[PDB]
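A single chain, nothing else alongside it, follows as structure tokens in the form deposited in one PDB entry.
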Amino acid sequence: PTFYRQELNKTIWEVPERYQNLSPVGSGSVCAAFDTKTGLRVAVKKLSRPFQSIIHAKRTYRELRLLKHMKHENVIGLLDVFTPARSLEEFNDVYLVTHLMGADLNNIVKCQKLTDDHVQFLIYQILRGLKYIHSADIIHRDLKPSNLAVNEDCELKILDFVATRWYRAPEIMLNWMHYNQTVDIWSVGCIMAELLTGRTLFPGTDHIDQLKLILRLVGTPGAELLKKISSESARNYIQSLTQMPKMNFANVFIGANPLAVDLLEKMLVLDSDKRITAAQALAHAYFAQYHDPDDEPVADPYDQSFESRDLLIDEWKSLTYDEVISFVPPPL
């Protein structure tokens, strides 16, 4: 494949001839383009200094390994990955190609009002994607409206591109080091609550103000949850806050679907051991119009053994180069 060059907002791009009409989108740096081989509008992300440090190199390998493995309708997939290099000695740029979506859920929630029917379809697609992601032993940790891309037909894709702490599970705020996958479910509840009211549910100014807003809704942790908190520092700070009662969500999300209020009651739970999972939430009556267990697939098992390895930069670079060369595009 022959490459061409052009500068687009300080960053120079070397892309194959198949990608035309490059247009800057945001900032790695992303460009919108047209793929003459497939006829699709695509998004091309150029990784910025992929091997500047051990942190960058392993991060580069992690993202390429993740995107190559994601093959689900509601999760961002990899259409192509290329580099202008002809060998490992000159391998310094990595480009990632995916579908071009219309916008993100952040634009829709602040520019449009969503019917309860639209909330069902949008939240169902998130939970459908989360079940696929969680089945591969992967936690997103960064779910928020700006990480969810939506088309004009309300088709949604999860990606990992508005404060993140507003959607962070409380066990992440207190820096618990043994949380589970339901930290994403807490984020879904905060997102679902925002689609129903148009307001951010927990607009905290800091980590402490975030927990104060959370406790005003969910109430004081009970004796069962207090038994399972290992940090004496956090366990004492929780016992230092005045006893807040748990608000009834029907009095908070008024005029909302009774099934929507019940699902939020199962998602916005402090005790992560009792928080509803992605698979269980798909079976909730709120998604009866869309739920189909035979069309909610799980993922092929994903090898994360590299995360426990301590390698050099050129070793991470060489491993990334192998994944670039071994990539097989999906058929049309």
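In this text, residue numbers run from 1 along the sequence as written. We call the rigid core the largest set of C-alpha positions that still match within 1.5 Å between the two forms.
Keep in mind the form deposited in another entry is missing from the figure; the text below concerns it.
In the core-aligned comparison between the shown form and the other one, the C-alpha of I238 is the only one from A136, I238, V119, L78 that shifts by 2 Å or more. Shown in the overlay between the shown form and the other one, fitted on the rigid core, is a CA shift at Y302 smaller than 2 Å. Positional change of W176 between the shown form and the other one reaches 2 Å or more at the C-alpha, relative to the superposed core.
After superposing the rigid core, the Cα of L88 is displaced by less than 2 Å between the shown form and the other one.
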